[PDB]
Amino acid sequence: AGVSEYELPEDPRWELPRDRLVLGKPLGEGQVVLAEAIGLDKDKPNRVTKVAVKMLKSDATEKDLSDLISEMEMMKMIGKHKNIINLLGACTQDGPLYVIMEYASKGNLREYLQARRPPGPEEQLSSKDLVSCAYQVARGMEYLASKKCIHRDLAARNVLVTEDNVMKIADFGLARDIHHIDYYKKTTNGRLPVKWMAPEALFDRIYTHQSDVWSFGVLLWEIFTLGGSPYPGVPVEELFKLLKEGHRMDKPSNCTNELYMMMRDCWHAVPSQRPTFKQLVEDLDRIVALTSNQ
């Protein structure tokens, strides 16, 4: 097929033999599939680990390859954290590139939240559990900011949830060209990504840790609305006009004034005035401690 024009250098720190990998069902679309890995840890060769594997489609170009490589190398550099999707290994030699990453069995946080809305098929979440989820997501972002990583698309759809209900930030290492970002393309739930972007990111294409903090304000809103859709019915130009006039979303029905205040602070018009992720981690810690299970 032409796969591939260049040569991939080997990296013994991360390489896994291809036959140690037992590929399973598609998880999403580069496409990500569930797989079983035999002997991921080279001191325990007879255990399988469920993992997710990212790979190129048959249609891919040298550019897609380069992008996937960039994400893998960024992930090597950023190192490990409980609340991000971690690099586990890679198959780079003698065949298609496979990037092996942590598997989150309950899927993305948006659907996870929606599936637990009171009926009108699992159980409802307590206030404490919602705040704990915000807290975990903030800890992940604080780790990434400390490693000088700007996410640029933080949203519930890019938070994954493990078997053990651990929140893990995903897709922080993607290489995208913000200038070819089409404001009109929609997500696969049908929503417009532009609704998570800070105004200076939106209008001026300036991406900072402060604009990530704006996005985290929107994610908080998602959490306390149980996976609700920001600015429903609103198209891109009307959104621009809302933001230019200083509109901010209403306080979700079940949500304390302290948490809504946290949201509004994340949405400060002056970026320097927004809290940092470190501050959010401390505030959410205290609030988790003061929130009832019941």
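Note that residue numbering begins at 1 and tracks the sequence as displayed.
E29-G30 interval: deposited residues absent from the model
1 to 3 residues are missing.
Size class of the missing deposited segment between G190 and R191 = Unresolved stretch here: none.
105-113 set against 134-142, stretch whose average Cα temperature factor tops the other in the entry | Taking the mean B-factor of the alpha carbons in each, 105-113 is higher.
*Which is higher on average in the deposited entry, the C-alpha temperature factors of 233-241 or of 38-46?*
Per the deposited B-factors, the answer is 38-46.
Among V161, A155, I78, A175, which carries the highest Cα B-factor?
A175 has the highest C-alpha B-factor of those listed.
*asked:* Just the C-alpha B-factor column, please: which of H151, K185, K147, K195 has the biggest number?
replied: It is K185.
Which third, lowest, middle or highest, does the CA B-factor of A201 fall in along this chain? Its C-alpha B-factor belongs to the middle third of this chain's values.
Give the position of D129 by CA B-factor within its chain, expressed as the lowest, middle or highest third.
-> For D129, the deposited C-alpha B-factor lands in the middle third.
Compare the C-alpha B factor of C255 with those of the other modelled residues in its chain, then answer lowest, middle or highest third.
-> Highest third, going by the recorded CA B-factors of the chain.
Modelled-residue ranking by C-alpha temperature factor, third containing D265: According to the entry, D265 has a C-alpha B-factor in the chain's lowest third.
Quiz item: Against its chain's modelled residues, does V166's Cα B factor rank lowest, middle or highest third?
Solution: Middle third of the chain for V166's C-alpha B-factor.
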